[PDB]
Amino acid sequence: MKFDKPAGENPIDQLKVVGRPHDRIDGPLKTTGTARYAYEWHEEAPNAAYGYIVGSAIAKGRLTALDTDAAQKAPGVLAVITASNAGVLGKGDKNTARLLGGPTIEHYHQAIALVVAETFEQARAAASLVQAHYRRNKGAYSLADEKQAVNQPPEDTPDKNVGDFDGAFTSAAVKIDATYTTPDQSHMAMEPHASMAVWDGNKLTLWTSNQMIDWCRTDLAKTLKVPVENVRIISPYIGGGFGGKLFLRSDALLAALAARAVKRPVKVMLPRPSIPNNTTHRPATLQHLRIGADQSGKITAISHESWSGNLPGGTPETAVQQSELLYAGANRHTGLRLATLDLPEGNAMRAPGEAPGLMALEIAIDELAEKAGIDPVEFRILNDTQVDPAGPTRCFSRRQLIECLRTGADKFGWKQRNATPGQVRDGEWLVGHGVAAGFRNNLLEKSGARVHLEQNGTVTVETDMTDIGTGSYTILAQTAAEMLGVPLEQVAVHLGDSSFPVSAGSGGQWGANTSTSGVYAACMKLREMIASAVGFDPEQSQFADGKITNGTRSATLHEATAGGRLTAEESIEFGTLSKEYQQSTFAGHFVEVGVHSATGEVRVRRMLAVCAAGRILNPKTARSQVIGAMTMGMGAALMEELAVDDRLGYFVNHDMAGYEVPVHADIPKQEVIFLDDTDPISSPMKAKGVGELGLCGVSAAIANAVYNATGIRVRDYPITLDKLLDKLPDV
C-alpha cells in the first residue's frame, strides 16, 4: 500500500477497539514471571555455556598483549575469544566503536575478550585471569576544553540561516544571551544487554534484547561476514532500551563468535558495572542561545549553537533542530559543532537532540519572557508558528501547541502561580511552578505484517516489530481486531522475530504508527480475500461481530475459511507528505516543585503533561509512556549525570547506585491529558509518535519551577542542591 494522499474515512475511524484503554495483552506473562527475556531461553539450549566479558582497563591506547593461558586453564573453561583468534570481522553501519577491540583501544570498557565456561561463576572467576597489558595514548575527554577549537560545523551538516540574525538581535528591544550544559546520560534499562547464540552448521539463531530486529540481523551478519539469510534474530520481550538497544552491542557479537568456536550454545550478559562505559550514552552538550524580541514580545531573532563530542565518525547530539521549528522569528541561525572525544560512543537516548535542546531552549524562553514582562505561557502562544519559519509556504500538518498550553494552564491552576520568585512556602519548603513546551517530529518508515484469519475465527498477526514496554503487542492486536470486526481477545500477535515481515522497529517514536499502519495494509488485503471467499464486493462490505455484510447479504468469518486459513502479507510505504507538510508532535509540561529552604533538596510535588500526538491508539499504554517519560525527565533535571574523570577518560559512577535514577519516593502525582489530534496527513491510522515527545520539555519545566521557587537560575544540569545552597534564605 502506498500512502501518498491524506487519509479519508476508513475502518479505524469506528474506534470500537482502537483508541480504547485496553489492558496489555502481554500482562499475564509479564506479571507472573513467564515472559522470557534473552538470558532465559533454557529449553532452546539446555546445556548452554556462559560467556563472561573482559573490558578494557584503559580509555585509550594499544593492547600490547592479551594473554589467555591462565584463563584457559581455569576450572570449567572451554575457550577464550579474542580479536586475535576471532578472525577478520566486518563492522556494522550503526557501530562507530568496534564491538571487539584489539589491538587498538577506543574507549574504557571496550570488550577485548570473552571467557566461555561451564557455569556462570567459573566464567566470571576465569575472566579475572585474562592478562591484558597496555600502552596508554593521549586522549581528549573534556567537551568544555575542546569547545574553543571547534568553530565550524560538520561538512555534511551546514549551519542554517534565515534572514539577518545579527542585525535583528542588535535591533531587538529585549534579548537574552545565555549558555547551558547537559551532561552525558545513560539508559540504565533494567534488563542488562544479553544474547544467546546457537549455530546449526552455518545457520545462526540469536536470542537477544534489541529494539530493531532487521538492523540487528543485517549488522550482525556484516560483522561476522556471513550471509544475512543464515541469521535469525529473536527478541519478543525486551526489558527496556530507551535508544540503548537500537544497535548491535558486544553481547550479541561475542555470543555468536563464542558459540561458533566451542560448537555449543553460549549466552552472554553485559554485567551492570560494564554497561555505562561499554555501551552508548547520550552526549553531553554545551549550548549557546541568543534570542531577541520586539517591544510587543514577538521574537525577531533566534540563534542556537550546540557543541557535543564523540569518537571519530560518530554522531552529534542534534540539539538545535527544534529551534528551527518551534517558535516564530524571521531571523534565525542554528548550528552544530562536533568535537572529537575519546570517551565511550555517544549515541541515541530517548528523544536524541530534542531532550537536551529543549533543556536549554525552554529555560532561555522562560528568561526572555521574564525580561519582557510577559507570562511564559502567553509568551509561547504569542510566538506560535503554524508554518516552517524557514519555508513559510510549508504548513505543519497540524499543530496544537497553543491548545496544549491553554488546556494545561487551566487544569494545573497556572494562574495561581506567584510570578515573583521565592515568595511561597509550605512549611520549610519553597514552592514553585514552572512550564515548558515539548516538541518532537513525526517520522515515517516502511513497515509490513502478515495477518491470518484462522479456521476457528481467530486472527494471527506476525511482524518483526518489537515491544520494549511500549505496548506494541496490544495496539497491533487492537488494529487487527478493529479491521476484521473480531473481539480483541481473539487476536494473537507474534513479534520480534526475523522470520516475520520487516517492520520499522522501535525507534524515532515511529513504531506505533508505522507498525499499526502495516497491519492496516495487511488487513485491507485480508478483507478483500474474505470478501472474495464469500462472493461479495469488498468496496461495499462491512466487518463487525464476526461477520461480513454487504447491503442486503451477510456471512460469517467461519464460512470464509471453511476452505482453509486466509493469509495476507503487505507493507505500507510513504510518499512525499512528510516533505509537503511538517509533521510534528507537541506538549505542554507544568510542574510544581518544593525546594528545601535549608538543605536545597529538590522534590517534585505535581506534574501535568498535555500532549498532541495524533490519534491515540491506547490511552492507558500511551499514558504510561508519558508518565514514564515524565519520570525520566525528572531524572535528567535533578539527579542524572555520568561523572567524567577527564584524566582517566571514563564515566566514574558506572553502576545502578552511582548513576542515580528516580525511585518510588521521588514520584509525585503525575497527570496526562491527550488532545484529540487526529492527523490524516500522517497515515491511515492518523496517529503520531508519543514515546519520545513525553520527555521533551520536562526537565526545563522542572528547572523553571526551581527558579520560580528560589529565584536561582541554574543552567548546568542536573540541578542539585549544591548549585542552590549559597543563594537560599537564612536559617
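Numbers follow the displayed sequence, beginning with 1.
- Higher average CA B factor: 719 to 727, of the stretches 15 to 23 and 719 to 727.
- Comparing the deposited coordinates for 187 to 195 and 574 to 582, the stretch with the larger average C-alpha B-factor is 574 to 582.
- Highest C-alpha temperature factor among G594, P273, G167, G614, as the PDB entry reports it: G167.
- Annotation for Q110, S235, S447, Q295: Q295 ranks highest, by Cα B-factor.
- The entry lists a Cα temperature factor for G102 that places it in the highest third of the chain's modelled residues.
- Per-chain ranking of the deposited C-alpha B factor places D67 in the highest third.
- When the modelled residues of the chain are ordered by their C-alpha B factor, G535 lands in the highest third.
- In this PDB entry, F247 carries a Cα temperature factor that places it within the lowest third of its chain's modelled residues.
- Among all modelled residues in its chain, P376 ranks in the middle third by Cα B-factor.
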